[PDB]
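Q: Please find entry.cif (mmCIF, N, CA and C atoms) on the next line:
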data_start
loop_
_atom_site.label_atom_id
_atom_site.label_comp_id
_atom_site.auth_asym_id
_atom_site.auth_seq_id
_atom_site.Cartn_x
_atom_site.Cartn_y
_atom_site.Cartn_z
N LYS A 1 -1.73 -6.50 13.48
CA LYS A 1 -2.14 -5.65 12.33
C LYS A 1 -1.32 -4.35 12.35
N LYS A 2 -1.28 -3.64 11.26
CA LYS A 2 -0.50 -2.38 11.23
C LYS A 2 -0.77 -1.62 9.93
N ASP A 3 -0.44 -0.35 9.89
CA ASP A 3 -0.67 0.46 8.67
C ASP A 3 0.65 0.53 7.89
N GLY A 4 0.64 0.99 6.67
CA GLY A 4 1.94 1.08 5.92
C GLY A 4 1.70 0.96 4.41
N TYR A 5 2.77 0.88 3.66
CA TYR A 5 2.64 0.76 2.17
C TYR A 5 2.78 -0.72 1.77
N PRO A 6 1.68 -1.32 1.40
CA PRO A 6 1.68 -2.74 0.98
C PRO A 6 2.49 -2.93 -0.30
N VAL A 7 3.67 -3.49 -0.19
CA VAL A 7 4.51 -3.72 -1.40
C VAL A 7 4.36 -5.17 -1.84
N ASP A 8 4.28 -5.41 -3.12
CA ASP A 8 4.11 -6.80 -3.61
C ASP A 8 5.29 -7.67 -3.15
N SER A 9 5.51 -8.78 -3.80
CA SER A 9 6.62 -9.68 -3.40
C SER A 9 7.97 -9.01 -3.66
N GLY A 10 8.08 -8.25 -4.72
CA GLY A 10 9.38 -7.59 -5.02
C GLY A 10 9.43 -6.19 -4.40
N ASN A 11 8.55 -5.88 -3.48
CA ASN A 11 8.57 -4.53 -2.86
C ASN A 11 7.98 -3.54 -3.85
N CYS A 12 6.85 -3.86 -4.41
CA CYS A 12 6.22 -2.96 -5.40
C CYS A 12 5.04 -2.24 -4.76
N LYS A 13 5.31 -1.16 -4.09
CA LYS A 13 4.22 -0.38 -3.42
C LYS A 13 3.04 -0.22 -4.38
N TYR A 14 1.90 -0.76 -4.04
CA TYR A 14 0.72 -0.61 -4.94
C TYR A 14 0.43 0.88 -5.12
N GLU A 15 0.91 1.43 -6.19
CA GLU A 15 0.69 2.88 -6.46
C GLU A 15 -0.79 3.15 -6.69
N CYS A 16 -1.17 4.39 -6.81
CA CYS A 16 -2.62 4.69 -7.04
C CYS A 16 -2.80 5.99 -7.84
N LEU A 17 -4.01 6.23 -8.25
CA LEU A 17 -4.33 7.47 -9.00
C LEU A 17 -5.46 8.21 -8.26
N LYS A 18 -6.17 7.52 -7.40
CA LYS A 18 -7.28 8.17 -6.64
C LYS A 18 -7.37 7.54 -5.24
N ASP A 19 -7.79 8.30 -4.27
CA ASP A 19 -7.90 7.76 -2.88
C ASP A 19 -8.79 6.51 -2.86
N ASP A 20 -9.80 6.47 -3.68
CA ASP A 20 -10.71 5.29 -3.70
C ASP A 20 -9.95 4.04 -4.13
N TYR A 21 -9.07 4.15 -5.08
CA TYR A 21 -8.32 2.94 -5.53
C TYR A 21 -7.48 2.41 -4.36
N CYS A 22 -6.94 3.29 -3.57
CA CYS A 22 -6.11 2.85 -2.42
C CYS A 22 -6.99 2.21 -1.36
N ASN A 23 -8.13 2.78 -1.10
CA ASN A 23 -9.05 2.22 -0.07
C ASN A 23 -9.43 0.81 -0.47
N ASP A 24 -9.92 0.66 -1.66
CA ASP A 24 -10.33 -0.69 -2.14
C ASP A 24 -9.12 -1.62 -2.11
N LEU A 25 -8.16 -1.39 -2.97
CA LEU A 25 -6.96 -2.27 -2.98
C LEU A 25 -6.49 -2.47 -1.53
N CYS A 26 -6.74 -1.50 -0.69
CA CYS A 26 -6.31 -1.60 0.73
C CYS A 26 -7.13 -2.68 1.44
N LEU A 27 -8.42 -2.68 1.24
CA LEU A 27 -9.29 -3.68 1.90
C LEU A 27 -8.91 -5.08 1.42
N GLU A 28 -8.52 -5.22 0.18
CA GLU A 28 -8.13 -6.56 -0.33
C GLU A 28 -6.89 -7.06 0.39
N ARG A 29 -5.94 -6.20 0.60
CA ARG A 29 -4.70 -6.62 1.30
C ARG A 29 -5.02 -7.04 2.74
N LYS A 30 -6.23 -6.76 3.18
CA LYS A 30 -6.68 -7.12 4.58
C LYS A 30 -6.68 -5.88 5.47
N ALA A 31 -6.73 -4.72 4.89
CA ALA A 31 -6.73 -3.50 5.74
C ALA A 31 -8.15 -3.01 5.97
N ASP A 32 -8.40 -2.49 7.14
CA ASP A 32 -9.74 -1.97 7.47
C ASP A 32 -10.03 -0.77 6.59
N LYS A 33 -9.08 0.12 6.48
CA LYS A 33 -9.29 1.33 5.63
C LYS A 33 -7.93 1.86 5.16
N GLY A 34 -7.90 2.54 4.05
CA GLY A 34 -6.60 3.08 3.54
C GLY A 34 -6.86 4.15 2.47
N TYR A 35 -6.04 5.16 2.42
CA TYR A 35 -6.24 6.23 1.39
C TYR A 35 -5.06 6.23 0.44
N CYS A 36 -4.94 7.23 -0.37
CA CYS A 36 -3.82 7.28 -1.33
C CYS A 36 -2.87 8.42 -0.99
N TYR A 37 -1.68 8.09 -0.58
CA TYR A 37 -0.69 9.15 -0.24
C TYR A 37 0.10 9.47 -1.51
N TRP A 38 -0.27 10.52 -2.20
CA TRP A 38 0.46 10.89 -3.45
C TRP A 38 1.89 11.32 -3.10
N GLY A 39 2.18 12.60 -3.08
CA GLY A 39 3.56 13.07 -2.75
C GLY A 39 4.58 12.06 -3.26
N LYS A 40 4.55 11.75 -4.53
CA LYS A 40 5.50 10.75 -5.09
C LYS A 40 5.65 9.60 -4.09
N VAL A 41 4.56 8.95 -3.77
CA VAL A 41 4.62 7.83 -2.79
C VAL A 41 3.79 6.63 -3.29
N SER A 42 2.71 6.30 -2.63
CA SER A 42 1.90 5.13 -3.09
C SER A 42 0.61 5.04 -2.28
N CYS A 43 0.03 3.87 -2.27
CA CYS A 43 -1.22 3.67 -1.49
C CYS A 43 -0.87 3.49 -0.01
N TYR A 44 -1.78 3.82 0.86
CA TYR A 44 -1.51 3.66 2.31
C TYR A 44 -2.70 2.95 2.96
N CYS A 45 -2.47 1.80 3.55
CA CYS A 45 -3.60 1.06 4.18
C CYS A 45 -3.49 1.09 5.71
N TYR A 46 -4.52 0.63 6.36
CA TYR A 46 -4.54 0.59 7.84
C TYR A 46 -5.20 -0.72 8.27
N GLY A 47 -4.45 -1.66 8.75
CA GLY A 47 -5.05 -2.96 9.16
C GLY A 47 -4.39 -4.08 8.36
N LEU A 48 -3.30 -3.79 7.70
CA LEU A 48 -2.60 -4.83 6.91
C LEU A 48 -2.12 -5.92 7.86
N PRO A 49 -1.81 -7.06 7.31
CA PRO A 49 -1.33 -8.20 8.11
C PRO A 49 -0.09 -7.78 8.91
N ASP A 50 0.12 -8.38 10.05
CA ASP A 50 1.30 -8.01 10.86
C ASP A 50 2.57 -8.09 10.01
N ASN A 51 2.89 -9.26 9.54
CA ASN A 51 4.11 -9.44 8.73
C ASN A 51 3.87 -9.03 7.28
N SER A 52 2.78 -8.37 7.00
CA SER A 52 2.51 -7.96 5.59
C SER A 52 3.78 -7.33 5.01
N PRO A 53 4.15 -7.75 3.82
CA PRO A 53 5.34 -7.23 3.14
C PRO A 53 5.13 -5.76 2.76
N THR A 54 5.84 -4.86 3.38
CA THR A 54 5.68 -3.42 3.04
C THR A 54 7.03 -2.81 2.66
N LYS A 55 7.02 -1.61 2.14
CA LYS A 55 8.29 -0.95 1.74
C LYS A 55 9.39 -1.24 2.77
N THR A 56 10.53 -1.68 2.32
CA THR A 56 11.65 -1.99 3.26
C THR A 56 12.92 -1.32 2.75
N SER A 57 13.41 -1.79 1.65
CA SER A 57 14.64 -1.21 1.06
C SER A 57 14.78 -1.71 -0.37
N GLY A 58 13.82 -1.41 -1.20
CA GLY A 58 13.89 -1.86 -2.62
C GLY A 58 13.18 -0.84 -3.50
N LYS A 59 13.08 -1.10 -4.78
CA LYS A 59 12.40 -0.13 -5.68
C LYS A 59 11.49 -0.88 -6.65
N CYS A 60 11.01 -2.03 -6.26
CA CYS A 60 10.10 -2.80 -7.16
C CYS A 60 10.86 -3.23 -8.42
N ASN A 61 11.39 -4.42 -8.42
CA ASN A 61 12.14 -4.91 -9.61
C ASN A 61 11.73 -6.36 -9.90
N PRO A 62 11.32 -6.62 -11.12
CA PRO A 62 10.91 -7.98 -11.52
C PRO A 62 12.07 -8.96 -11.35
N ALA A 63 11.93 -9.89 -10.44
CA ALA A 63 13.02 -10.88 -10.22
C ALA A 63 12.57 -11.91 -9.18
#
Please lay out the structure from this file as structure tokens.
A:
Amino acid sequence: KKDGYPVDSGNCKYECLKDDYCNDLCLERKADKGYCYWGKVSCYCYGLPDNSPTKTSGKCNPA
């Protein structure tokens, strides 16, 4: 398990508007708990899957 920014298949960091949205969406990804790191960033979870796809080197692009 590990914490980090859960990015979709194309590296789409699940952005957020409130800490609660990140916590919930965080629990769905399989994280125990997670808040919302604004600072032009995204949601932050804690407990995501080991190999969970997280920010690597992309900008979220439909393809």
Q: Would you mind listing what lies within 6.5 Å of residue A:55 as a list in words, with only N, CA and C atoms counted and same-chain residues fewer than 3 positions away left out?
A: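 These residues fall inside the cut-off: residues 4, 5, 6, 7, 11, 13 and 58 of chain A.
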Q: So which residues touch residue A:16 within 7 Å, counting all atoms listed in the file, skipping near sequence neighbours fewer than 5 positions away, as a list in words?
A: residues 21, 22, 36, 41, 42 and 43 of chain A
Q: Could you list, as a ChimeraX atom specification, every residue matched by the PyMOL selection byres ((chain A and resi 30) around 6) in this structure?
A: /A:26-29,31-32,47-49
Q: Give me, as a list in words, the residues of chain A that a backbone DSSP run labels strand (DSSP E or B).
A: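 Of chain A, the ones in strand (DSSP E or B) are residues 2, 3, 4, 6, 7, 13, 33, 34, 35, 36, 37, 42, 43, 44, 45, 46, 47, 48 and 54 of chain A.
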Q: So what do you get for atom N of residue A:18 versus atom CA of residue A:63, distance-wise?
A: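 One can read the atom N of residue A:18 to atom CA of residue A:63 distance as 26.7 Å.
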